[PDB]
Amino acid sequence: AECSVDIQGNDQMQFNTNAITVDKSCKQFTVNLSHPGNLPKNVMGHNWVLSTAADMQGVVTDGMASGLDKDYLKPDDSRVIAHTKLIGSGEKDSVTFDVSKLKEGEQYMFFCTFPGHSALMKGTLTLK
């Protein structure tokens, strides 16, 4: 809360939120992802990946092609501002990034790169 958010992705291929606001006073922001459910990583794993809206498509496509072994993310993709690893149910993960890598006036999107998920598992991240 304020400089951290808890987000979850369930077995219904939905995130519990589709809008996160990062207050400009946070020096760093922390996302703690958990996966409520029963389905395993290779069938319904989720991750939380951040990029600009313009880069999202490319991240998702190259991510799909990197496979489960790469957590569906192209290794060292420079378009990815921050990301968790891919988790199956009952697993969790956390990521902290520098808010100074975000600029005011730019549209950012968070999403899951597990194949097909981004159509519903996505939302807005905004500096305010």
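Start at 1 with the first residue shown and count on from there.
Of the two stretches examined, 4-12 and 117-125, the record assigns the greater average C-alpha temperature factor to 4-12. Mean C-alpha B-factor is higher over 14-22 than over the other stretch, the pair under comparison being 14-22 and 107-115. For the set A54, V43, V80, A65, the maximum C-alpha B-factor listed in the entry falls on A65. Within the group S100, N38, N32, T61, the record's highest C-alpha temperature factor is found at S100. In this PDB entry, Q28 carries a Cα temperature factor that places it within the middle third of its chain's modelled residues. Sort the chain's modelled residues by C-alpha temperature factor and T96 lands in the middle third, per the entry.
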